Amino acid sequence: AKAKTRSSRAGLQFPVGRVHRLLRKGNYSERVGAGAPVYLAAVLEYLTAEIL
DNA sequence: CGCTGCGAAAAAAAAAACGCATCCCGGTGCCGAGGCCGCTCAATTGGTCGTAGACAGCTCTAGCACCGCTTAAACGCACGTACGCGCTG
Ligand SMILES: [Cl-]
């Protein structure tokens, strides 16, 4: 019943959920692994901080 | 005479005066950030299905050594010429 947001499970502020959707609806591939969005929201957050 | 000293005279160069532009100080005032209000649709859960990819091997390619013959490049040096380089008007 209690739904923790994946972004929390990675300790990322970047939305690992919205990254997963954007990828599947991006037409990048047929199938997205479940680590991929994590890995990507991570890298995104990181470069966001590096500039900020 | 030469030396010299000075007295320009000539720039140097300095300094200093002028005036101009760039900074900064401190109080206006304006607008857009930043923070609340609800609310709606996109993320989560959990759970079913079916197939992408991990593995365990089987093949035969094609990539890595070795090896002298035969050249055509490389190395290299010497001589000389055309070019790059800098100053002035
Ligand atoms: Cl993954």
# chains A, B, ... in the order shown; residues from 1 in each chain; ligands from 1
>>> residues_near_ligand(ligand="ligand 1", cutoff="7 Å", atoms="only C-alpha atoms (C1' of nucleotides) and all ligand atoms", output="ChimeraX atom specification")
/A:32-36
>>> write_last_selection(atoms="N, CA and C atoms", output="PDB file, in the first residue's frame")
ATOM      1  N   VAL A  32      13.470  -0.867 -22.193  1.00  0.00           N
ATOM      2  CA  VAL A  32      14.322  -0.121 -21.223  1.00  0.00           C
ATOM      3  C   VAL A  32      14.487  -1.000 -19.982  1.00  0.00           C
ATOM      4  N   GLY A  33      15.699  -1.480 -19.669  1.00  0.00           N
ATOM      5  CA  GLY A  33      16.058  -1.956 -18.312  1.00  0.00           C
ATOM      6  C   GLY A  33      15.545  -0.999 -17.234  1.00  0.00           C
ATOM      7  N   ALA A  34      15.530  -1.391 -15.951  1.00  0.00           N
ATOM      8  CA  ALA A  34      14.926  -0.589 -14.851  1.00  0.00           C
ATOM      9  C   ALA A  34      15.999   0.205 -14.086  1.00  0.00           C
ATOM     10  N   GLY A  35      17.270  -0.202 -14.198  1.00  0.00           N
ATOM     11  CA  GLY A  35      18.439   0.570 -13.741  1.00  0.00           C
ATOM     12  C   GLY A  35      18.705   1.788 -14.617  1.00  0.00           C
ATOM     13  N   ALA A  36      18.516   1.662 -15.932  1.00  0.00           N
ATOM     14  CA  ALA A  36      18.810   2.710 -16.936  1.00  0.00           C
ATOM     15  C   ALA A  36      18.300   4.076 -16.458  1.00  0.00           C
TER      16      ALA A  36
END
>>> closest_atom_pairs(of="chain A", to="chain B", cutoff="7 Å", atoms="only C-alpha atoms (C1' of nucleotides)", output="Markdown table")
| residue | atom | partner | partner_atom | distance |
| --- | --- | --- | --- | --- |
| A:1 | CA | B:45 | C1' | 6.9 |
| A:3 | CA | B:44 | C1' | 5.5 |
| A:17 | CA | B:43 | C1' | 6.2 |
>>> closest_residue(among="A:31, A:13, A:7, A:20", to="residue 49 in chain A", atoms="only C-alpha atoms")
A:13
>>> select_by_dssp(residues="chain A", states="alpha helix (DSSP H)", output="ChimeraX atom specification")
/A:6-10,16-24,35-51
>>> write_last_selection(atoms="N, CA, C and O atoms", output="tab-separated table (two decimals), in the first residue's frame")
chain	number	residue	atom	x	y	z
A	6	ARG	N	10.80	5.88	-6.57
A	6	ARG	CA	12.11	5.33	-7.01
A	6	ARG	C	13.24	6.33	-6.81
A	6	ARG	O	14.32	5.91	-6.33
A	7	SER	N	13.03	7.59	-7.19
A	7	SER	CA	14.03	8.68	-7.01
A	7	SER	C	14.60	8.63	-5.59
A	7	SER	O	15.84	8.72	-5.44
A	8	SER	N	13.72	8.46	-4.59
A	8	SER	CA	14.06	8.23	-3.16
A	8	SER	C	14.90	6.95	-2.98
A	8	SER	O	15.89	7.01	-2.25
A	9	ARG	N	14.54	5.84	-3.63
A	9	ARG	CA	15.26	4.55	-3.51
A	9	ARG	C	16.68	4.67	-4.07
A	9	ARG	O	17.50	3.78	-3.77
A	10	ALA	N	16.97	5.71	-4.86
A	10	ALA	CA	18.30	5.96	-5.46
A	10	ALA	C	19.02	7.12	-4.74
A	10	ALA	O	20.26	7.34	-4.98
A	16	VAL	N	13.42	9.65	-11.49
A	16	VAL	CA	13.79	8.37	-12.16
A	16	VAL	C	12.56	7.81	-12.86
A	16	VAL	O	12.73	7.12	-13.90
A	17	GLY	N	11.37	8.10	-12.33
A	17	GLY	CA	10.08	7.73	-12.94
A	17	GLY	C	9.90	8.39	-14.29
A	17	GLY	O	9.81	7.68	-15.31
A	18	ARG	N	9.86	9.73	-14.30
A	18	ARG	CA	9.65	10.57	-15.52
A	18	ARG	C	10.74	10.29	-16.55
A	18	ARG	O	10.44	10.29	-17.73
A	19	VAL	N	11.96	10.00	-16.13
A	19	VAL	CA	13.05	9.54	-17.05
A	19	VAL	C	12.65	8.21	-17.71
A	19	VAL	O	12.78	8.13	-18.96
A	20	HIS	N	12.17	7.21	-16.94
A	20	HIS	CA	11.76	5.88	-17.48
A	20	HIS	C	10.68	6.05	-18.55
A	20	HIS	O	10.82	5.44	-19.63
A	21	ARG	N	9.66	6.86	-18.28
A	21	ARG	CA	8.55	7.13	-19.22
A	21	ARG	C	9.11	7.79	-20.49
A	21	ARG	O	8.96	7.21	-21.57
A	22	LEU	N	9.75	8.94	-20.34
A	22	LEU	CA	10.35	9.74	-21.44
A	22	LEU	C	11.15	8.82	-22.37
A	22	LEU	O	11.07	9.07	-23.59
A	23	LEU	N	11.91	7.88	-21.81
A	23	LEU	CA	12.73	6.90	-22.59
A	23	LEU	C	11.82	5.98	-23.43
A	23	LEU	O	12.08	5.86	-24.65
A	24	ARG	N	10.83	5.33	-22.80
A	24	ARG	CA	9.93	4.34	-23.45
A	24	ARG	C	9.11	5.04	-24.54
A	24	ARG	O	8.95	4.43	-25.63
A	35	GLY	N	17.27	-0.20	-14.20
A	35	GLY	CA	18.44	0.57	-13.74
A	35	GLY	C	18.71	1.79	-14.62
A	35	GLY	O	19.09	2.84	-14.08
A	36	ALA	N	18.52	1.66	-15.93
A	36	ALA	CA	18.81	2.71	-16.94
A	36	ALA	C	18.30	4.08	-16.46
A	36	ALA	O	19.08	5.03	-16.37
A	37	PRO	N	17.00	4.25	-16.13
A	37	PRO	CA	16.49	5.59	-15.81
A	37	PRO	C	17.21	6.13	-14.58
A	37	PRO	O	17.73	7.23	-14.66
A	38	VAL	N	17.29	5.34	-13.51
A	38	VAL	CA	18.15	5.62	-12.32
A	38	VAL	C	19.49	6.17	-12.84
A	38	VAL	O	19.75	7.37	-12.64
A	39	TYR	N	20.27	5.33	-13.53
A	39	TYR	CA	21.63	5.69	-14.01
A	39	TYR	C	21.55	7.05	-14.70
A	39	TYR	O	22.46	7.87	-14.51
A	40	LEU	N	20.49	7.30	-15.46
A	40	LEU	CA	20.43	8.52	-16.30
A	40	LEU	C	20.04	9.73	-15.43
A	40	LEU	O	20.81	10.71	-15.45
A	41	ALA	N	18.92	9.69	-14.69
A	41	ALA	CA	18.52	10.74	-13.71
A	41	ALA	C	19.71	11.11	-12.81
A	41	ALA	O	19.87	12.31	-12.49
A	42	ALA	N	20.49	10.11	-12.40
A	42	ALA	CA	21.76	10.28	-11.65
A	42	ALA	C	22.70	11.23	-12.40
A	42	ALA	O	22.96	12.35	-11.92
A	43	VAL	N	23.18	10.78	-13.56
A	43	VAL	CA	24.09	11.55	-14.45
A	43	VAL	C	23.47	12.93	-14.70
A	43	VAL	O	24.23	13.90	-14.75
A	44	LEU	N	22.15	13.03	-14.84
A	44	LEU	CA	21.50	14.33	-15.15
A	44	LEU	C	21.64	15.26	-13.94
A	44	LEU	O	22.29	16.34	-14.09
A	45	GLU	N	21.08	14.86	-12.79
A	45	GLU	CA	21.30	15.52	-11.48
A	45	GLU	C	22.76	16.00	-11.43
A	45	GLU	O	22.98	17.22	-11.31
A	46	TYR	N	23.73	15.09	-11.58
A	46	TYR	CA	25.17	15.35	-11.33
A	46	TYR	C	25.64	16.58	-12.12
A	46	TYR	O	26.21	17.48	-11.50
A	47	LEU	N	25.42	16.60	-13.44
A	47	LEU	CA	25.90	17.67	-14.35
A	47	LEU	C	25.09	18.92	-14.03
A	47	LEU	O	25.67	20.01	-14.19
A	48	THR	N	23.85	18.76	-13.57
A	48	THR	CA	22.99	19.90	-13.11
A	48	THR	C	23.68	20.61	-11.93
A	48	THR	O	23.84	21.84	-12.00
A	49	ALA	N	24.14	19.86	-10.93
A	49	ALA	CA	24.90	20.39	-9.77
A	49	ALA	C	26.22	21.00	-10.25
A	49	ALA	O	26.52	22.15	-9.91
A	50	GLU	N	26.99	20.23	-11.02
A	50	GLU	CA	28.34	20.64	-11.49
A	50	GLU	C	28.25	22.05	-12.08
A	50	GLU	O	29.14	22.83	-11.76
A	51	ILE	N	27.22	22.36	-12.86
A	51	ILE	CA	27.00	23.73	-13.43
A	51	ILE	C	26.51	24.67	-12.32
A	51	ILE	O	27.10	25.77	-12.20
>>> atom_distance(atom1="CA of residue 15 in chain A", atom2="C1' of residue 51 in chain B")
29.0 Å
>>> atom_distance(atom1="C1' of residue 49 in chain B", atom2="CA of residue 30 in chain A")
17.1 Å
